[PDB]
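Enquirer: no sequence on hand, only this structure:
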């Protein structure tokens, strides 16, 4: 029932499905690059080029600042149990933190910026995307488990399926790739005409959504067959998310809006109010 949007205007905004602006989270000193909700939906985390993650409540109160990366933070995620936060950074690391802001681990191994991060559904694997053209899988002790190789250019985003067996990656090489947890390449999804900027799984695991600089969202089945292309944004699409009931898709764009869509490609709502590019979007667990 609540949508969060991240923006180059240095804020997060919270909205309802009817299009009302509920709250603006103000306090980062540079662009906000991604956003996530805790599993209980009551805490929001934001990632920023000001090199921090910030934690907020729905009244807009700043609750905590996570300081420790040496360059921009590019993405943030909560573990399924809510106890651990993961952050991705241009400083080439992922950091793991507890909810009070203390650093637990630094995951070292990528050779270029880390662009996104995700947890497996069982909470036991972390996946990271990088400009070094790989996804890496790690445990919560920081040990490297696998390196997923095969993209020809930067990897911009990564997602787990709800059943924790399949990984999806998005890339500047204009494809999404699907993988197993052993690092094997299963499928390449081709069809976008420019960089793919983000990827997500539907909650039933049957559908993949991709966002692209080609101004569209595309929806795909598990065999990599293109189902549907969502057209309407007027500038690059920078991220995509599914609602928990899987009946709504949200897209973020450099055209400064979020758009909400249903499963048949109809446009439901356009959320207007950010003064710069929208860089990411998330749904609360309800």
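Expert: Structure's in. What do you need? Numbering: from 1, shown residues only.
Enquirer: just the buried residues of stretch 62-74, please?
Expert: 64, 66, 68-69, 72-74 (16 or more other CB atoms under 10 Å). Bear in mind the C-beta positions are built from the backbone N, C-alpha and C, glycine included.
Enquirer: in strands only, show me those residues.
Expert: Using DSSP state E, the members of those that fall in strands are 64, 66, 73-74.
Enquirer: name the nearest of the residues you listed relative to residue 123.
Expert: Using CB to CB, residue 66 comes nearest to residue 123 of these, at 19.0 Å.
Enquirer: wait, doesn't the closest one sit right on residue 87?
Expert: Yes. Using CB atoms under 8 Å, residue 66 is in contact with residue 87, at 6.8 Å.
Enquirer: where do the contact lists of these two overlap?
Expert: Taking CB atoms under 8 Å, 6 or more residues apart in numbering as the contact rule, residue 66 and residue 87 both touch 53, 95, 97.
Enquirer: which one of the residues you listed has the most neighbours?
Expert: residue 53 (29 neighbours; other CB atoms under 10 Å).
Enquirer: could you find the closest non-adjacent residue to that one?
Expert: residue 66 (4.1 Å; CB to CB, 6 or more residues apart in numbering).
Enquirer: about what we covered before: any chance of the buried residues of stretch 62-74 in a markdown table, with distance to residue 220 too?
Expert: Putting the buried residues of stretch 62-74 into a markdown table (distance: CB to CB, whole Å) gives the following:
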| residue | distance to residue 220 |
| --- | --- |
| 64 | 37 |
| 66 | 34 |
| 68 | 37 |
| 69 | 33 |
| 72 | 30 |
| 73 | 29 |
| 74 | 24 |
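Enquirer: and which of the residues you listed is nearest residue 179?
Expert: Distances from residue 179 to the buried residues of stretch 62-74, taken by CB to CB, are shortest for residue 74, at 20.7 Å.
Enquirer: thought residue 93 was touching the closest one, still the case?
Expert: No. Under the criterion of CB under 8 Å, residue 74 is not in contact with residue 93, lying 11.1 Å apart.
Enquirer: shared neighbours of these two, anything?
Expert: Common neighbours of residue 74 and residue 93 (CB under 8 Å, 6+ apart) are residue 114.
Enquirer: list the strands paired with the helix or strand that contains residue 158, with their directions.
Expert: Using DSSP states H and E, residue 158 sits within strand 155-160. According to DSSP bridges, strand 155-160 forms sheet pairs with strand 166-171 (antiparallel).
Enquirer: from the chain's centre, how far out does the strand it pairs with sit?
Expert: For strand 166-171, the gap between its own C-alpha mean and the chain's C-alpha mean amounts to 11 Å (CA atoms, centre = their mean, to the nearest Å).
Enquirer: ok, stretch 35-47 next?
Expert: Put simply, stretch 35-47 sits 12 Å off its chain's centre (CA atoms, centre = their mean).
Enquirer: buried ones in that stretch?
Expert: Buried, per 16+ other CB under 10 Å, within stretch 35-47: 35-38, 43-47.
Enquirer: what does stretch 276-286 give?
Expert: Buried residues in stretch 276-286, defined by neighbour count with 16+ other CB under 10 Å: 277-284.
Enquirer: and that stretch, end to end?
Expert: 28 Å (CA to CA, to the nearest Å).
Enquirer: can you list contacts of it?
Expert: 1-9, 31-37, 39-41, 75, 198, 235, 238-244, 248, 250-254, 256-258.
Enquirer: buried members of those residues into PyMOL, please.
Expert: Of the contacts of stretch 276-286, the buried ones go into a single PyMOL selection, burial set by 16+ other CB under 10 Å:
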select buried, resi 2+3+4+5+6+7+8+9+31+32+33+34+35+36+37+75+198+238+239+240+241+242+243+248+250+251+252+253+254+256+257+258
